[PDB]
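Asker: I have a structure I would like to understand better, so I am pasting it below and will then ask my questions one at a time.
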There are 12 protein chains.
Amino acid sequence: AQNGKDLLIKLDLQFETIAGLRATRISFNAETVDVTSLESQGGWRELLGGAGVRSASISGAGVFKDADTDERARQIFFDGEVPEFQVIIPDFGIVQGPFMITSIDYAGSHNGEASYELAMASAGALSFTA
Amino acid sequence: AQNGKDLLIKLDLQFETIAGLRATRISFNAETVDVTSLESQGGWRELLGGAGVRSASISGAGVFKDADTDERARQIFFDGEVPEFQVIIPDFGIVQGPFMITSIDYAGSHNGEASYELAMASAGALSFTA
Amino acid sequence: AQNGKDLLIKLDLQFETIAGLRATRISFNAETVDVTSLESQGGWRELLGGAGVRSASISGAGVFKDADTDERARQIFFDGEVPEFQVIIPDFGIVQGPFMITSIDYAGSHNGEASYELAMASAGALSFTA
Amino acid sequence: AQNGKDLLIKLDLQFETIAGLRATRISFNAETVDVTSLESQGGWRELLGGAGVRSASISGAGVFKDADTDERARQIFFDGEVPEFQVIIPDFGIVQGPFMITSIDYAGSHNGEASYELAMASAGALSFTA
Amino acid sequence: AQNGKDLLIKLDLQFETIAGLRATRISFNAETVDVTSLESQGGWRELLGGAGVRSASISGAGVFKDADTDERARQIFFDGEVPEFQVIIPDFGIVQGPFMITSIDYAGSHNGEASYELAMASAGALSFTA
Amino acid sequence: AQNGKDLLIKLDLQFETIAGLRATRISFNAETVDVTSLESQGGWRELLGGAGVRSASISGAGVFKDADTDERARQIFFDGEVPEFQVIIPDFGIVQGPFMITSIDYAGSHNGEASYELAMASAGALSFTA
Amino acid sequence: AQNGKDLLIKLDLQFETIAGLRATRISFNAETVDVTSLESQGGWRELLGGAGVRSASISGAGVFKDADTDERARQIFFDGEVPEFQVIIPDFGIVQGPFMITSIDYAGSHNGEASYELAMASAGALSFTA
Amino acid sequence: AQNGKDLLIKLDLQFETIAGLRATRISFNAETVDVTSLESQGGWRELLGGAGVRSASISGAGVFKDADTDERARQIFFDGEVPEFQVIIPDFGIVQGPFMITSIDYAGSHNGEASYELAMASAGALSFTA
Amino acid sequence: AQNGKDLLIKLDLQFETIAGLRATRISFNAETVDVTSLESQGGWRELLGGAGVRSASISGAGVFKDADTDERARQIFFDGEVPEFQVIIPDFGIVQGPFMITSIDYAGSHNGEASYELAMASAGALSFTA
Amino acid sequence: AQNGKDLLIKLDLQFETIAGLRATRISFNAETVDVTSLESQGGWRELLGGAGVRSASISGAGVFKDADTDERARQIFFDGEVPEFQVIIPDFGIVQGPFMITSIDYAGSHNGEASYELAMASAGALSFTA
Amino acid sequence: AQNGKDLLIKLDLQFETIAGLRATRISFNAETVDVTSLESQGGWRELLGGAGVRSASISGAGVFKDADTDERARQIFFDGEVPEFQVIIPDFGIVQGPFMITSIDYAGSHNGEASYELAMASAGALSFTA
Amino acid sequence: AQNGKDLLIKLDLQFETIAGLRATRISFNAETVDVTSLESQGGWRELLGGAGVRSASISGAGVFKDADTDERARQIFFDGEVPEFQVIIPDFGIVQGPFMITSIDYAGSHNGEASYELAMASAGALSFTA
C-alpha cells in the first residue's frame, strides 16, 4: 500500500510542491492508431502500438494558501512558459516533465475556502527516475 | 489556509463587490497548441507553450439582493460593454481585467430565493497586483 | 435578501402570472466574439464585447393548475406567436420582452401531479423598468 | 392543483389508455429561428417566431401489464404506422394528435418488474379540445 | 402486473436463457423521418411514419456464472455471427429476432462479483408470437 | 456464481497480475455494419454481422503498490509497445491478447491513497483458452 | 422580420403553390457589361449599367407530395412550355414572370423521402406587384 | 408526404429493382436555348423553350448484394446495351425509359461494405404512366 | 478594436443603410500587371504597380425587411443605373463610390427567413473621407 | 449483405493481396458516345451504347506494412509494366485484368502512420469469373 | 518551437506592423521550368531549376483597428505604389521586399467585427537578414 | 504496421532531416499514354505502359524550427539548384533522388505557430536502396 500523501507535484523556480494539493492526478494517454487490415484471424481489430502519440495531463486541486510556488504558477500562466514539472509516484519515483499551465481557476464561496483547481498537460518528452 | 469569504469579484461604476456572491470561480484556460513532430525521444507528445491563447472565465452565483452594483450588471448587459472587472485572490491580490457579461440569469422558486448566476469571460489582457 | 416568491413571469392576454410556477429562471447569454490578434501583452485572449449577440431564455417549472393564462400558453404554442412576456426581478423590476414558447411539456405520474415545464427564449429587444 | 393521475395518453384501435403508465410527459418544442439583423436597439437577439417548426414528444413509462392497448403498440411498431394518439391534460383537455412509436423498450430484472418505456414524437398537426 | 423474472433473453445452440441476467432491456427505435412541408395547418411538424427504419437493441446485465449459453456468446463474438435471439415479454410472447453481439464486457472487483454487461442490436426482421 | 477476485489481468515480462487491481473490466465492441436495403419484411433494419470490426478494451483501477509488474506498465508506456496481455474469466479461461497501454493515470489526495486507473484497448487478434 | 414560410412559388393551370417547397430561392443576375475606356480618374473600372442583360432563376427544393400542381410541372417539362410563374416576396409582393422548367430531378433513398429539386430560369420580362 | 422507400429503379431481364438501392436520384435537364434578340422589354433574356434538348440521368447508390438484377447490370455494361429502365415516382408513377449504364463502380473498405454507385443517363424518349 | 456593426453600406435616394445587413464585405482588387524583363537580380518577377486597373466589389447579405432603401435597390436593378453608393469603415470613414447592382437574389425556405444577398461591383472612381 | 473485408485487390509475382488495404475502389467508366440526330420523339438525347470505350480504375489506400507484394508494386512502377491484377468482388468473383500502376504515393506524419495510396487504371480487356 | 506571434509583416512610412494581424502567410513560388529531353535514365522528368521565375505573396488577415499603418495601406492602394514591405520570420529574420497591395477588402457583419484581409504579392528582388 | 515517424525526407549539405516535418508525402505519377486502337476485344481502352513519363513530388509540412537544414532549403530556393534529396520508406528504404524546391511558404498566425509547407517535385532519375 502507498500513502496518497506521498505523490507530489512540484514546480521549478530546484523543486517545491504547491500548497493546496488536495487531490492530484497525472493522466497518460495514447490515441490508439487503428491499423485494421482486411485480413485478421477472427475479424479482430489490429493496432500498431508505437505509432501513437503519447501524452500526460496533471489535474491538481487544492485550497489557496499563498506560497511562492503558488505565485509561481500565476507567473507561469501570465508569462506563458512550458517549464519543467515533476510528479513523484511514491515508490516508482519522479516524472520530471515539461508541462504547460493549461487552465487554472480560483474559486470561493460565501462560507467555504479559497479553493483552486490546476490543470496541466504534457509539453515534451517525459522521464522516470526509478 | 485562506477564507473563501476573502476572494471577491467587483464591478466598476472605483470598485465594489456584488451583493449575492454565494459561489464564485475565476477559471483560466489555454488551448495547448500541440506541436508533435515525428521525432520525439519516446514518441511523447511535444507542446509549444507560449503560442497558446489564454483566457479567463468568472462564474458568480448568488441571491438577488438589490444593489447599485447589481443594477450595474444589468446595464452592462443591455448596453453591451466590456468594462474592467477585478477579482481578489486572498493573499495573491487582485486580477483587474476587462471581461464581458456573457450570460446572466435570474431564478426563483415557489419557496426559495431570488437567485442568480453570473457568468463572465475574459475580454482583454489581465493583470496581477501581488 | 429577496424572496424567490417575488420574481414572477407573466403572459399577455395586461399581464398575469401563470399558475404553477414552482421554479423559474431567466437566463441571459452572449457568445463572446473572440478577437485574438497576434499581439497581446502576455498572449492573453482579447475580446470585443459589444459585437456579440445577446439572448435571454426562460425556463418555468410548475404543476398544472388550469388557468386562462395557462390556456393562453397552449394557444400561443399552437397559433405560434412571439408576444410580450414580462419577468419581475424583486427589487430590480420587470423585463418586458418578446419571447417565444420554444418547448412546453406536460407530465404526470401514477401517483404524483400533473406537472409542466415551460421553456422560453428571447425573440426581440428586451427592457428594464428599474 | 391537478392530480397527476388525470393526464392520460391513449391509443386508437375509439380511445383507451395503456396499462402501465407510471410516468408520462408530453413535450413540445420549437427550434427558435434566429433572425438577428445588424440593427437591434441594444444589440439584442431578434427572433421571428411563427417561422419555426413546432413539435411534440411523448415519453411514457410503465410496468408491463398485458392489455389489448399494450399489444396494439407492438402492432403499431412492427406494422409501422402513424395513427392518432390522444393525451389528456386534466383541466385543459385532450390533444388528439398523429404520432409515431419512435422507440419502445421492454425491461426486466432478476427481482423487479417487467417494465417499459414508450417514447413517441409528433407526426402531424395537433389539436386541443378545451 | 407482470414479474420482471418472466422476461427472458435466450440464445440458440433450441433456445436457452443466459445465466447472469440481472437486468435486461429490449429497446426499439425509429429515426422519425421528418416530412415538414411549408403548408401545415398550424405550422406543425408533419411526419411520414412508415418510411423510417426501425431497430431493436438488447442490453443484458448479469453476474458471470459459467454456462454453455455463456460460452456460446463468446463463440458468437469471436466467430462473428448474427444468429437468432429470442426475448420473451411475459404476456405478450417472444420476439425471435436475428441480432448481433455488438459489445460484451466482463468486469470484476477486489471484493465483488465477476459481472458482465451484454449489449446487442437488431440485425434483421423481427417477429412476435403473441 | 463466480468471485470477482478470480478475474485477473496480467502483464508479460511469463505472466503476473498487477498489484492494485480494485476494479477491472474487459469490454468488447462491434460497430454494427448497417445493411438496410429498401426491401425488409416489416421495414426492419437488417444487419450484416461478420463484416463489423471487433474490439476489446480493458479498464483497470487500483491503488499504487510498487511492483515489477507495475513498473513494467510504465516501461510499456514510455517505450511504446503492444505486448501480450492476458485476462482470466473465472470459469471461461484466459483471453491472451495483444493490447496497448492507451492511457494510464496516477492520482493521490491529501488524505487518501496513491491510486491509479489503467485503460487499455485491443491491438490484435484475441484468443480464448476455454 | 419576415417569415420564410411566406415567400411562395406557384404554377399556373389561376395560381397555386407546389407541395414540397422546403427551400426556394429566386436569383437575379446581370452580366456587368464592362466599359473600361483608357481614361478613368484613378484607373478604375467603368461600367455601363443598363446595357447588361438581366435574368432570374428559381431553385425550389422539396419532398414529393403528389398534387395537381406537382403533376403540372411534369406536364410542363414533357410538353416543353414557358408558362407564367409567380413568386411572392412577403412584403414586396409577387413577381409573375414567364419561366421554363430547366431541370427537375426526383430522388429517394433507402430510408428517407421522395424528394425533389426544381430548377427554373427566366424566360421573359418579369413584373412586380408591390 | 411520400416515403423515399417507394421510388424504385428497376431493370429488365419484366422488371425488378436492384438490391442495394441506398440512394437513387433521377435528374432531368434542358440546356436552355438562349434566344436573346436585341429587342426585349427591359433588356431581359428571352428563351425559346421547346427547342432545347431534354435529358434524364439516374444515379443509384447501394451496397453490393448479389442478385440476378445486379448481375444483369454487369452484363448490360460489358455487352453494351441501351435497354429499358423504369423508375417509379411514389404517386406519380413509373417513367419507363431507355437508358445506358454510363459508369458503375464497386467499392470496398477494410471495415465497411461492398458498396456501389450506379450512374445512368437517358438514351431515348421517356414516358409517364400517371 | 472596431465593431462590425459600425461598417455600413448605404444607398442614395441623401444616404440610408439597407435593412438586412447581416454580413457585408467591400473587396478591392488589382490585376497585377506583370512586367518581367529578362534581367532581374535573382530572376525575380518584376511588377509595374500603377498600370494595373483597380476595382471594388460589395457583397451584402441580409434578411428581407421591407424598407424604402430595400425597394430602391429593386428599382436600381430594373431601371439599371450606376448611382452613388457609400460604405463606412468604422474609423477610416466612408468610401462614396459609384457602383452597380450586379446580382441580387431573394431566398426563402420552408422554415427560415426571407433572406437576400446583394452583390455589387465598382463602376467609377472611388473616394475616401478620412 | 457483404463484408468490405472480402473484396481484395491482389498482385502477381500466383496472386497475393497487398498489406495495407484500408480502402479500395474499382471504378468502371464509359464515355457515353452521344448520337443525337435531329429526329427524336421528344427531343430526347439518343445514345449509341456499345461504341463507347470502357475502362476500369483501382484506387487502393492503406498503411505501409512491408511485404513482398508491397515491394512488387515499387518494382512494377520503376520497371514500368502492365501485369495482371485481380480484384475480388465478394459474391460476384474476381476481375483478373491487366492494369498499370499509374500513381502511387507514400505519406507519413510526425505522429501517424506510414500510409500510402495506390491508384491504378485499366490497361487491357478485363474478365469475370462468376 | 517558434511563436506565431513573432512573425510580423510591417509597412514603411521606418517600419511598423499593422494592427489587426490575425493570420499572415508569406508564400513563395517557382513555376518549375520543365526541361524534359527525350533521353532520361528512367523516363523521369528533368527540370532546369534556376531558370524559373520566383515570387512571393503575403496574405494578411485581421480585424480593423484604426492605425496610421492601416491608413497607410489605403494610401498605398489608392496612390498605387510598390513600396518596401518587411516580414519577420522568428529566428530566421526579416525579408524586406518590395511588394504591391494587390487586393484588400474590408468586411463587417451584423454581429461581428470590422475585419479585413490584405493580399500582397512580390514586386521585386527580396532579401534576408539572417 | 509501420510508424509514420519513420519515413523521413532529408537534405544534403551527407544527409539530415528537416526540423518541422509534421506531414510528408512522396507522390509518384505517370501520365498513362493512351494507345487505343480501333481493335480491342471488348472495346476496352488499351494502354502502352512504359512509354509514359514518370514523376515524383514531395509535400512536406511542418513548424518552423530554425535548423541548418532549414536554412539550407532557403539557400536552395534563392540559389536555385536541383540537389539530391532522400526520402526513407520505413521498411523499403531510401529513394535518393534529385528534386527541386518548387514552392515553399512560411505562415504564422496571431496565436499559433510559425509553420511551413515545403513542396518539391522530381528533377531526375530516382533510386531505391531496398
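Chains: A, B, ... in order of the C-alpha cells. Residues: from 1 per chain. Ligands: from 1, in order shown.
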Do you have, as JSON lines, the list of residues of region 30-118 of chain D lying at most 10 Å from region 9-29 of chain I, each with its nearest atom pair and that distance in Å to one decimal, counting only C-alpha atoms and ordered by chain then number?

Answerer:
{"residue": "D:35", "atom": "CA", "partner": "I:22", "partner_atom": "CA", "distance": 9.5}
{"residue": "D:36", "atom": "CA", "partner": "I:22", "partner_atom": "CA", "distance": 7.6}
{"residue": "D:37", "atom": "CA", "partner": "I:22", "partner_atom": "CA", "distance": 5.5}
{"residue": "D:38", "atom": "CA", "partner": "I:22", "partner_atom": "CA", "distance": 5.5}
{"residue": "D:39", "atom": "CA", "partner": "I:19", "partner_atom": "CA", "distance": 7.9}

Asker: As a ChimeraX atom specification, could you give me every residue of chain E near chain D (at most 10 Å apart, counting only C-alpha atoms)?

Answerer: /E:1-8,20-36,38,40-62,87-92,125-128,130

Asker: Hey, what does DSSP flag as strand (DSSP E) within chain D? Can you give it to me as a PyMOL selection string?

Answerer: chain D and resi 9-12+15-17+23-30+54-63+84-87+97-109+114-122

Asker: Taking the DSSP assignment computed from this structure's backbone, write out as a list in words all residues of chain B that belong to alpha helix (DSSP H).

Answerer: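 Checking each residue of chain B, the alpha helix (DSSP H) ones are residues 68, 69, 70, 71, 72, 73, 74, 75, 76, 77 and 78 of chain B.
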
Asker: Quick one: write out the picked residues with C-alpha atoms as a short mmCIF file (atom, residue, chain, number, x, y, z; two decimals), in the first residue's frame?

Answerer:
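Result file again38.cif:
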data_model
loop_
_atom_site.label_atom_id
_atom_site.label_comp_id
_atom_site.auth_asym_id
_atom_site.auth_seq_id
_atom_site.Cartn_x
_atom_site.Cartn_y
_atom_site.Cartn_z
CA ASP B 68 -26.38 49.53 -7.44
CA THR B 69 -23.62 47.09 -8.38
CA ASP B 70 -26.33 44.56 -9.17
CA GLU B 71 -28.20 47.08 -11.30
CA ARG B 72 -24.87 47.91 -12.94
CA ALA B 73 -24.53 44.38 -14.33
CA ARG B 74 -27.95 44.64 -15.96
CA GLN B 75 -26.87 47.94 -17.50
CA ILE B 76 -23.62 46.29 -18.60
CA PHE B 77 -25.65 43.55 -20.24
CA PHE B 78 -28.23 45.65 -22.07
#

Asker: Go ahead and compute the interatomic distance for CA of residue 93 (chain G) and CA of residue 86 (chain I), in Å to one decimal.

Answerer: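 Going from CA of residue 93 (chain G) over to CA of residue 86 (chain I), I get 27.8 Å.
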
Asker: Please report the interatomic distance between CA of residue 95 (chain K) and CA of residue 85 (chain L) in Å with one decimal.

Answerer: 26.1 Å
